[PDB]
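What follows is a set of notes on a single structure, which appears directly below.
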Amino acid sequence: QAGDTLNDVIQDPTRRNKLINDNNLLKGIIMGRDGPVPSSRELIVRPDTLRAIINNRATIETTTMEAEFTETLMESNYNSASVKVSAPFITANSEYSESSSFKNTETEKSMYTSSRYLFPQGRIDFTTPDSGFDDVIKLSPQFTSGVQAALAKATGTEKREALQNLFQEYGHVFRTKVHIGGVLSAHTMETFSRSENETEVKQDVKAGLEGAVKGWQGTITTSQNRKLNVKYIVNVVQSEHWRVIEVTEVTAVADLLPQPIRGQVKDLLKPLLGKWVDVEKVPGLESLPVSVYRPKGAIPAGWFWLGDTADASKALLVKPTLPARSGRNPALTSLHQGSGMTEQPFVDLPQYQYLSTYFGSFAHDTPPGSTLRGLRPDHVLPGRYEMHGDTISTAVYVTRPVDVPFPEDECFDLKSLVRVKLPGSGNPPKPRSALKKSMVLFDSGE
Amino acid sequence: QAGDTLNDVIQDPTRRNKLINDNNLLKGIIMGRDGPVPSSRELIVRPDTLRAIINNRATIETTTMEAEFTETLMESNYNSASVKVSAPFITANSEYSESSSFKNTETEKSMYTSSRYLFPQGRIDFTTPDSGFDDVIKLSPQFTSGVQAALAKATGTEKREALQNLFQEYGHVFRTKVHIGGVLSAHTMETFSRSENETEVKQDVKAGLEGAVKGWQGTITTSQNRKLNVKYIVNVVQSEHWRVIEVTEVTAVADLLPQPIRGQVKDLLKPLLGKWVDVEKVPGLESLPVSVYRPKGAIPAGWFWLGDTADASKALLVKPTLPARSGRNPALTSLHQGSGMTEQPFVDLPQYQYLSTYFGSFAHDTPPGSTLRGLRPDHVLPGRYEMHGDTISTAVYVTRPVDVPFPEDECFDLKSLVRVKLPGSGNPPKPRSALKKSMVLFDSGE
Amino acid sequence: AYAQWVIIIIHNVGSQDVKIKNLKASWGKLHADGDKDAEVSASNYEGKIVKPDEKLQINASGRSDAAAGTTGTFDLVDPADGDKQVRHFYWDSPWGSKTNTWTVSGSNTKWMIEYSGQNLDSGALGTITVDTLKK
Amino acid sequence: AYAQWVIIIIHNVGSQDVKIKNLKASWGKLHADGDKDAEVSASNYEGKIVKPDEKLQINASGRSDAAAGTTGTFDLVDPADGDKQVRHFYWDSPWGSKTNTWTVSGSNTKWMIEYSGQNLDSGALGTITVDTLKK
Amino acid sequence: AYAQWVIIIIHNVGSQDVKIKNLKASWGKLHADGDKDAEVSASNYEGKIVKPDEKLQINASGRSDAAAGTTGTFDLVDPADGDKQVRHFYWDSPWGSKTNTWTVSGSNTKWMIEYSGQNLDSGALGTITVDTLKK
Amino acid sequence: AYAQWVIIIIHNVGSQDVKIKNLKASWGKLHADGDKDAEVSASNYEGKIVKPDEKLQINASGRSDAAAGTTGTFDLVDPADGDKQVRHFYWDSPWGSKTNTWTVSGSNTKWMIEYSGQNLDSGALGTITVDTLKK
Ligand SMILES: CCCCCCCC/C=C\CCCCCCCC(=O)N[C@@H](COP(=O)(O)OCC[N+](C)(C)C)[C@H](O)/C=C/CCCCCCCCCCCCC
Ligand SMILES: CCCCCCCC/C=C\CCCCCCCC(=O)N[C@@H](COP(=O)(O)OCC[N+](C)(C)C)[C@H](O)/C=C/CCCCCCCCCCCCC
Ligand SMILES: CCCCCCCC/C=C\CCCCCCCC(=O)N[C@@H](COP(=O)(O)OCC[N+](C)(C)C)[C@H](O)/C=C/CCCCCCCCCCCCC
Ligand SMILES: CCCCCCCC/C=C\CCCCCCCC(=O)N[C@@H](COP(=O)(O)OCC[N+](C)(C)C)[C@H](O)/C=C/CCCCCCCCCCCCC
Ligand SMILES: CCCCCCCC/C=C\CCCCCCCC(=O)N[C@@H](COP(=O)(O)OCC[N+](C)(C)C)[C@H](O)/C=C/CCCCCCCCCCCCC
Ligand SMILES: CCCCCCCC/C=C\CCCCCCCC(=O)N[C@@H](COP(=O)(O)OCC[N+](C)(C)C)[C@H](O)/C=C/CCCCCCCCCCCCC
Ligand SMILES: CCCCCCCC/C=C\CCCCCCCC(=O)N[C@@H](COP(=O)(O)OCC[N+](C)(C)C)[C@H](O)/C=C/CCCCCCCCCCCCC
Ligand SMILES: CCCCCCCC/C=C\CCCCCCCC(=O)N[C@@H](COP(=O)(O)OCC[N+](C)(C)C)[C@H](O)/C=C/CCCCCCCCCCCCC
Ligand SMILES: CCCCCCCC/C=C\CCCCCCCC(=O)N[C@@H](COP(=O)(O)OCC[N+](C)(C)C)[C@H](O)/C=C/CCCCCCCCCCCCC
Ligand SMILES: CCCCCCCC/C=C\CCCCCCCC(=O)N[C@@H](COP(=O)(O)OCC[N+](C)(C)C)[C@H](O)/C=C/CCCCCCCCCCCCC
Ligand SMILES: CCCCCCCC/C=C\CCCCCCCC(=O)N[C@@H](COP(=O)(O)OCC[N+](C)(C)C)[C@H](O)/C=C/CCCCCCCCCCCCC
Ligand SMILES: CCCCCCCC/C=C\CCCCCCCC(=O)N[C@@H](COP(=O)(O)OCC[N+](C)(C)C)[C@H](O)/C=C/CCCCCCCCCCCCC
């Protein structure tokens, strides 16, 4: 009994199955409104054995995350790679509020810090289809039948609704590497100005949080007199009580499907349909150093544009793929005229964003303003400005994508125009974002 | 039961196999983003016995390391030789950031210190093929089949991707000398000016850390009033609880393969393909005391150059061997124009480095600056300057390799040019590096 | 005297034109920007159209060494609906009193007017910037 | 004398903060908006941050019947970049001279600074609006 | 007087040429480096090209025993852009006034200009180094 | 007097630190950048390290209306090599003489020191830039 490790548990079918069942190792994680929670339905077939390693080195590990909607992911002890893989789903399904404490302005920064006092027993691994090894996991026939039924529906909207239901039941990600044992976790969030030395702030917060967990007090004070609110989680207490204490790898559930079906499912999950159209120069505005362009002609019914651009060739039109439903975050948001001494739109839904300042008088009841839309926060990434103009009153930024080596993070080069100094007062925050290419489906025939 | 040593454990097959399994002695260590962790797949065949010696002398041992990305290796109680063997893999697979506390400037020096309070039981040895003895370890047939399958693919890129997957799964090094028992470790990092006496600083930190482990406090104060952040690792609890407490020798997994396959695998693991091209003198720059040379003619598609040099004969072009993928550090990085009052490149990816200052105006959108690339930190080693010119404003450094007796550390003699005093302000840090010869594959025919 | 001066910067922050009408200085003189000697006439502004995002500057001051301030009035009107009155502005920077007057009167809900920079305590009336919007 | 006054409106139209330093009124006093009697202290603005799209008003004036006028200086520095100076401003509305002074000096290519509204010919120095924008 | 002097060093820290035009000293004289008694003409600098990494020195001072400082102007121009005006520089180190003036004006977003070393409080204007970069 | 002034900019263009020592203004005073009235203590610079690619500005001036110039010395020493002397600098902008003095002395074969901008003929000593580079 004493001295048993994960090897003794795994060799025993009864203990191995108890470990599998008590930890939901056969189930996906639903990245939904309540945070990462396991699905109640088995995603994979029960294996005959588990690949495991032994590790008993207890210690305190601290991690930091800068993404906005990843608080609950940090509270579940996901590592950086797992958080990165899971962030899109959480962001899409999260509940947005204009009174969130998280700040990500160009002058102010926010970050989550987590300290785990770990008593490990080892690590368990699952083989994904992408790796060519022969012990790959097998998807449960129920899930495969669900995917086939979803893809067999007549209309694209029906298929997308079926897939959305399917992934709300079975989950969005599957944990491929998990750590077993016990853990005492402390979590906090800190906001600080970007002018401060980031390394010192991180070290101070780490020292405070590690001291809090080590001596384990809902409020802590660091060396720099930083007032931190700490959330504590207990996952300690014998092999009967071992639990998952950390996730070091997750794979999107769609990535487990065979390639011909995987591509179709991934395409059908794109929130928007895209279309390129011709542009037209905006009359007037000769004082500006650049020409302003809007989509030419009437916008086709059901399609929307994203803002004024400096691109004289083409403009992007987007159409939502899923209908509006209560409890679901729409891909696009309407805009409303401001309150006073401004003619700029404001997003109706909190935390949404549009890409361009409006060059004119925005009216949400008449075209072309009736079809201008903002974007869900998971659709966009920060861009980079390039200024044109000799004076403050006439300067305009053109926003360009931030170049990245990996195509997964590529954004459209729409050349959205942002006026440097808007006349009046009470104007909205200035857009500084670009649209992700992975969110838009082209040439779908719809 | 009392008085049992490693000999009693090794004599009993049940206890011997429990020791082997609970310590992952048949598995390689994956030097990845999370640090050195054992693979879940057995690399070698289970032996019928173990070569061991007995040692029960408890004591405190302190070690120091000056390499940059070796923190987690030190936390695993690797000695100097093991850290040296494992450093390339950890560096290649590490997560880079510009906010790292480690500093290696020419005026500041950082080092890791680790103190282990050891309760040993003995040491276990494995015979490598290069030793020549008759009880060599035998590679598991699964690993050999995986290597054969990787090498049987059609295109070089496919082979390299297969090898990358294989080594990410099975691991990069195998521990051939491990110490068994219990340990309490304390680890810290210290940065200090190079003007100080290194011996005194090392002795002060060692005394502080040894006092910390002895009599066992997340922060320690030394005699010289140094504030050290200390990380504590507990690996001590009967033979059923004995664990690996130190690694004295590791051999690269590729070094375990038979020679004809070993050479091919090592060649296919080189991050870059190399080529020699002709050079042309840069027009102008008659003020400088040396002639500046650049690759002559158009650079072939997919190939890149590394910077201006004083070599009038030839220039080196490099091509990455692995396609870019998310979660993988590229061998090369793109450069972007500086923010202000400088026309010098800046590395896009943090902690990367280029070898020369740009003698002109650098634009990343047009040639020849569009094909100028930086290097991953594991690709380069510090060089030495040779100054030319009688005045500060016209002086230029020529970078030369630091002569070494071992071919494993040789660097290319590219004669990279560095401007001693760059005009303007906001310039990037002066390059000082040279490219390792082991990273570049020549005459591959690809 | 030149010590009694006012600068009125009408800045159109909207998208519809606004017109100046009935600009009359009963005391003092209108002059060029930064040059109190270069007198100008009310005709240089009467009926002028301030396009959206444009600024129109009116400079007034008392006569040199005259022991008299500068007093005047004008109207902002909407040319889009037959020069309907948007606002009536009256300014008084007196030589013989310590209180300056800057009064904006009239009303039509189609327009928003916000002015700033006026000084009423003592001395000159100062530089007044008037932002106009049609909403 | 209150007749010698100046209002400086620092309007940060950029996206990063700008800090005030060394605000020193050699002559006259700093007071509250629209009330020259309600004197304030230079500490009210020293080391203050003007956040993007925020306006900060500094009112300076001569002391009552003092025959002194007002004069002062202050620096705008970048809170990022280690308080590197952005500009240095000197203002002077003298009682004994008909010429007012408003000089902005210093070089910082990372910032665009524009100002308008000052009066130099005679009388008070007026209302000066300063727009700052970090590129 | 020789006590009123200025040294202007134009240093091209860029990669394209810059030109000096309209170099006019309205007061005082231009002289050789470190020798105020050796006068030179503006022709020695008019139209001259400052190549990248090159420094050009203009030395100006008042006439010996003259009770008259030095004052002048010049323009930095882009020879590769049809001699388009880049910046306008004006300097004044006066004899009878304790304030020196160093003004850089104009607008050309294709060029960045830094300068340092000027002294405006008292005495000579000093040695001013100007770094020019066409970005 | 304030008319006698000097600005010394130490610019470490090398890759090694350089330390200031023995700074002393035998005459006059040290003040802040661009403000001769804000006197500063020599301790603010004593023992300070000029990191590579960093600039350190020392401003010295005669006391206001003092009829005495400014004078001083200091040393640049190598923080490595046990504070071995790199150079000894002595500056003198006198009030009673038309000749200024700026002398750099000392031998240290492993350091390149260059300086420029000094004015010796008459008036203030000017702005002196010093570039230091450890070979
Ligand atoms: C015994 C017989 C003597 C009879 C003489 C009677 C004297 C008249 C009396 C009173 C006049 C009243 C002021 C005339 C209007 C001033 C216009 C103006 O306002 N004056 C400003 C400047 O005006 P401004 O700025 O416009 O100048 C133009 C601008 N420019 C740039 C072109 C110069 C100027 O500073 C400021 C003036 C402040 C008022 C001074 C009052 C002192 C008078 C004491 C007289 C004592 C005599 C005693 C005899 C025994
Ligand atoms: C033995 C011989 C004695 C000779 C005595 C003759 C002296 C009288 C001379 C001439 C009349 C002068 C008034 C004309 C006004 C101008 C128009 C106006 O009216 N000047 C107002 C401006 O008023 P304000 O600018 O503030 O407002 C304008 C707009 N608003 C709508 C608001 C009114 C302002 O206040 C009024 C100022 C009063 C003037 C003071 C200076 C008088 C000096 C007397 C010197 C006497 C010395 C001799 C003693 C022996
Ligand atoms: C029989 C013959 C006898 C002759 C008697 C002479 C006695 C008077 C001597 C000396 C005046 C007293 C010192 C005043 C210092 C000035 C400092 C200042 O003028 N102070 C300002 C504050 O101005 P502020 O605060 O803005 O800053 C200022 C700038 N500073 C940097 C300095 C702070 C403040 O308002 C202004 C106040 C000045 C009021 C002075 C009143 C003059 C008295 C006339 C007497 C007429 C003769 C009578 C004989 C029959
Ligand atoms: C035969 C005998 C004849 C006697 C004649 C004497 C008449 C002159 C007296 C007094 C006039 C002045 C009124 C001042 C009232 C306002 C208070 C005020 O101005 N005081 C400070 C401002 O302070 P502050 O600006 O901060 O706030 C101000 C507002 N607050 C409410 C908040 C306080 C400010 O420096 C003070 C300025 C006044 C300085 C001038 C003093 C003149 C004295 C000359 C003496 C000549 C003798 C001649 C004999 C032959
Ligand atoms: C034979 C013996 C005769 C002796 C005569 C000697 C008298 C000394 C003369 C000189 C004093 C003057 C000092 C200057 C200070 C003024 C401060 C100020 O500039 N004063 C402004 C107001 O400034 P403020 O804005 O602060 O107003 C208040 C604002 N508040 C909100 C508080 C109400 C106000 O306009 C300006 C007024 C101008 C002063 C007029 C002086 C008339 C002199 C007549 C002499 C006639 C003698 C002839 C007898 C035969
Ligand atoms: C009966 C016998 C009495 C004999 C007279 C003794 C009384 C005391 C006299 C004088 C001392 C007190 C001076 C006051 C200083 C005020 C502070 C200041 O200093 N006022 C400046 C402010 O300057 P500024 O307004 O420009 O502010 C900006 C400053 N800056 C530096 C930036 C330029 C600005 O000059 C203003 C100067 C005008 C003051 C002139 C007062 C005349 C004096 C009477 C003459 C008539 C005698 C008659 C005898 C029969
Ligand atoms: C009987 C009645 C009295 C008769 C005397 C009055 C005649 C006028 C006198 C003298 C005018 C002086 C011109 C102005 C300076 C020239 C410009 C200059 O600025 N002068 C600098 C020069 O220095 P500089 O740099 O130009 O040298 C050039 C290069 N060099 C190689 C030569 C050094 C030099 O320092 C500065 C000198 C200033 C000293 C001021 C002297 C005041 C005179 C008090 C008179 C008292 C009479 C008393 C009766 C009761
Ligand atoms: C029997 C005795 C007779 C004595 C009468 C003789 C008086 C001499 C006549 C009038 C001087 C003619 C000036 C000619 C030079 C003007 C050039 C210039 O201009 N001099 C400006 C320089 O100005 P600045 O240097 O600032 O120029 C920079 C350019 N900027 C455009 C920016 C201004 C500067 O202020 C002004 C300097 C003036 C110097 C004063 C010298 C006083 C002499 C006292 C002798 C008195 C003895 C008394 C015995 C009883
Ligand atoms: C019986 C007769 C008794 C009287 C005889 C006394 C004569 C004095 C002779 C010799 C003085 C010795 C030089 C004075 C110290 C210099 C201090 C200084 O150096 N003076 C500068 C100041 O310049 P600073 O920069 O420091 O300004 C300060 C900074 N601030 C920003 C606040 C302005 C200022 O410029 C320039 C000054 C030039 C010299 C001025 C003196 C010339 C006038 C001579 C008058 C002769 C009358 C003869 C009567 C018979
Ligand atoms: C018949 C009438 C005869 C009257 C008697 C004459 C005796 C008085 C004359 C003069 C001697 C005294 C020299 C000054 C020594 C100070 C040295 C110094 O210090 N002067 C500056 C420099 O300051 P600094 O900081 O640069 O010093 C650097 C440090 N160091 C140690 C190296 C100096 C520092 O500001 C201090 C300046 C003050 C200068 C004195 C001004 C008053 C002039 C006399 C007034 C009384 C006359 C009375 C007439 C009726
Ligand atoms: C009827 C006879 C006429 C009498 C007139 C005589 C002249 C007196 C008035 C006018 C000059 C006085 C102001 C000038 C000082 C400025 C203030 C200061 O401050 N001087 C310090 C500077 O030191 P510092 O630069 O470090 O501080 C500055 C920064 N601060 C923050 C403090 C402002 C430092 O002592 C320097 C002092 C030396 C000044 C020499 C002036 C010559 C004086 C000759 C006196 C002869 C008596 C004759 C009697 C018959
Ligand atoms: C009947 C009344 C008679 C009165 C006579 C007695 C009182 C006055 C005499 C004694 C002057 C006292 C000076 C004190 C200096 C203190 C600072 C210093 O000492 N200043 C030196 C240093 O300053 P500097 O910067 O130039 O040197 C740089 C440093 N270095 C070490 C390198 C040299 C440098 O000589 C400066 C010297 C110039 C001094 C001016 C002297 C002219 C005034 C006399 C005019 C007489 C008119 C009256 C006739 C009626």
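Within every chain, numbering begins at 1; the chains are lettered A, B, ... in the order of the sequence lines, protein sequences first and strands thereafter. Atoms considered below: every heavy atom in the structure, side chains included; atoms not considered: hydrogens, waters and symmetry mates. Order of listing sets the numbers, starting from 1, for every ligand and every atom in it.
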For [atom], is the nearest protein heavy atom closer than 4.0 Å?
atom: atom 44 (C) of ligand 11; result: no
atom: atom 35 (O) of ligand 11; result: no
atom: atom 28 (C) of ligand 10; result: yes
atom: atom 8 (C) of ligand 10; result: no
atom: atom 50 (C) of ligand 11; result: no
atom: atom 21 (C) of ligand 11; result: yes
atom: atom 11 (C) of ligand 11; result: no

Q) Do any nitrogen or oxygen atoms of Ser64(F) come within less than 3.5 Å of a nitrogen or oxygen of ligand 11? A)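 There is such a contact, yes.
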Q) Just distances here: any N/O of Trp27(F) and N/O of ligand 10 closer than 3.5 Å? A)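 No - when backbone and side-chain N and O of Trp27(F) are compared with those of ligand 10, no distance drops under 3.5 Å.
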Q.
So, regarding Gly69(F) and ligand 10 (criterion: nitrogen or oxygen to nitrogen or oxygen, under 3.5 Å), is there a contact or not?
A.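 Min N/O separation from ligand 10 is not below 3.5 Å for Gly69(F).
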Q.
I'd like to check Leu76(F) versus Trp111(F) (side-chain heavy atoms, cut-off strictly below 4.5 Å). Are they in contact?
A.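 Of all side-chain heavy-atom pairs linking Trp111(F) with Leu76(F), none is under 4.5 Å.
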Q: Would you check if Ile128(F) and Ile9(F) make a side-chain contact, meaning some heavy-atom pair closer than 4.5 Å?
A: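 With C-beta onward as the side chain, the pair stays apart.
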Any carboxylate oxygen within less than 4.0 angstrom of a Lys/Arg side-chain nitrogen, looking at [X] and [Y]?
X: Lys98(C); Y: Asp121(C); answer: no
X: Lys19(F); Y: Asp83(F); answer: yes
X: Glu46(D); Y: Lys24(D); answer: no

**Q.** Any donor-acceptor N/O pair, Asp81(D) side chain to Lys84(D) backbone, under 3.5 Å
**A.**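 No, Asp81(D) side chain to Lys84(D) backbone: no donor-acceptor pair under 3.5 Å.
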Q) For ligand 11, does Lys29(F) get within less than 4.0 Å through its side chain, its backbone, both, or neither, judged by non-hydrogen atoms? A)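 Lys29(F) to ligand 11: side-chain contact only, backbone stays beyond 4.0 Å.
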Closest approach of any protein heavy atom to [atom], naming residue and atom:
atom: atom 30 (N) of ligand 10; value: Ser26(F) O, 4.0 Å
atom: atom 31 (C) of ligand 11; value: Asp37(F) O, 4.2 Å
atom: atom 39 (C) of ligand 11; value: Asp65(F) O, 3.1 Å
atom: atom 26 (O) of ligand 11; value: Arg63(F) NH1, 2.5 Å

**Q.** Contact atoms of ligand 4, heavy-atom distance to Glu39(D) under 4.0 Å
**A.**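 So the atoms of ligand 4 that pass are 26 (O).
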Q | Minimum heavy-atom distance between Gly69(C) and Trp27(C), given as atom pair plus value | A |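 Minimum heavy-atom contact is O-CB, 3.7 Å.
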Q: Pick one of side chain, backbone, both or neither for how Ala67(F) approaches ligand 10, counting any non-hydrogen atom pair under 4.0 Å.
A: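 Neither; nothing of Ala67(F) gets under 4.0 Å from ligand 10.
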Q: I would like to know whether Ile7(E) and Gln57(E) meet side chain to side chain contact (heavy atoms under 4.5 Å, CB included); could you show each step before the answer?
A: CA-CA 7 Å; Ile7(E) 295 163; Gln57(E) 202 167 295; 3.6 Å; yes
**Q.** Ring centroid separation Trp102(F) to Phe89(F) under 6.0 Å
**A.**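 Centroid distance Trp102(F)-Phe89(F): below 6.0 Å, so yes.
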